[PDB]
Amino acid sequence: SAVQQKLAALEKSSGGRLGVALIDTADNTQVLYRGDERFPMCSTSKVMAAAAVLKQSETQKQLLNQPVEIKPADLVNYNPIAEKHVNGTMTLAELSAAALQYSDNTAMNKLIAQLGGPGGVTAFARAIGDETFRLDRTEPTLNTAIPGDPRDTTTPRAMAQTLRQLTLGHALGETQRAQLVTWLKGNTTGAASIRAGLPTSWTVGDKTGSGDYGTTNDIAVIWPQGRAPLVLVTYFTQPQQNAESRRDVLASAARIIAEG
């Protein structure tokens, strides 16, 4: 198709490996580019950890208000919110918000601990029908993005379908789903990624990710004005261990898709 030819040209121009999945919820049609190849998730994995904790809160009604202690030994490499609360507490809701909207890595590790380790995040993916997602490590080593390594990867097709379920479908209870949507819409890290390639009047909720090998990711739910929502996943990685991030590639891929 025309869109696939333009995505292939974008990929060639970029020197990296690009994976795209679009789901148009108007007719459940899909557009895929390297849709079944594995890519390192990096921080896009934080959506699954937050959703897993939301799922626990359907039975444990007060769970999101539970205080969790932030100790100096909890801090890892990037903790923009957790650092403001060292030797204090944050609730699981505040940690979920920090993980999603500021990509706070300490927040992610507390969410993983609440679920009983990476195996508990993976379990939730299996429970909602995602057989592809795997979380193997904690922050910050899940971002190593080594070529060929299956750890901490998913495919664009699998993540688009799962993000659809979580935000527009009914994998979560109604209060939980609405909370997830509100968190994603208030992301602060996405201005140069998928959002930059879309009309300024469209509402977007997204989660970015970045890691070694110039890995640059973004997953988004998109509500166009007077038109059914779309789910768009863009993953990108590069051959050099020290490559710079390429958020412009994600913006350009979104623009090519939006042209359809």
Going by Cα centres, the stretch 55-103 and the stretch 140-192 are how many Å apart? 18
Springs between alpha-carbon atoms under 10 Å, Gaussian network over the chain: tell me which of 248, 212, 149 tops the mean-square fluctuations. 149
With everything on Cα atoms, drop me the angle between helix 174-185 and the longest principal axis of the chain, reported from 0 to 90° to the nearest 10. 60
Within the stretch 18-121, report the trypsin sites (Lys or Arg not before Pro) that DSSP leaves as loop and that have at most 16 other Cβ atoms within 10 Å. 61
Running a GNM on the chain with Cα contacts under 10 Å, which residue among 197, 209, 116 ends up with the highest mean-square fluctuation? 116
Taking the Cβ of residue 10 as the centre, find all other residues whose Cβ is under 14 Å away and add up their charges (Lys, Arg: +1; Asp, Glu: -1). +4
Greater than 21 Å separation of Cα atoms is the criterion. Which listed pairs, 71/207; 55/207; 6/46; 55/110; 84/110; 71/110, meet it? 71/207; 6/46
State the Cα centre-to-centre distance between the stretch 1-36 and the stretch 219-257 in whole Å. 10
Note, the stretch 151-166: 3J(HN,Hα) by Karplus (6.51, -1.76, 1.60, θ = phi - 60°), whole Hz, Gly/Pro = x, goes 4, 6, 10, 8, 10, x, 4, 5, 5, 4, 5, 5, 4, 4, 3, 5
Can you give the FRET efficiency for residue 69 and residue 141, using 1/(1 + (r/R0)^6), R0 = 30 Å, r = Cβ-Cβ distance, to the nearest 0.05? 0.85
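Here, each number is a calculation from the coordinates, and none is a lab measurement. Note that we place each Cβ from the backbone using ideal geometry, even for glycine, and neighbour counts take in every protein chain shown.
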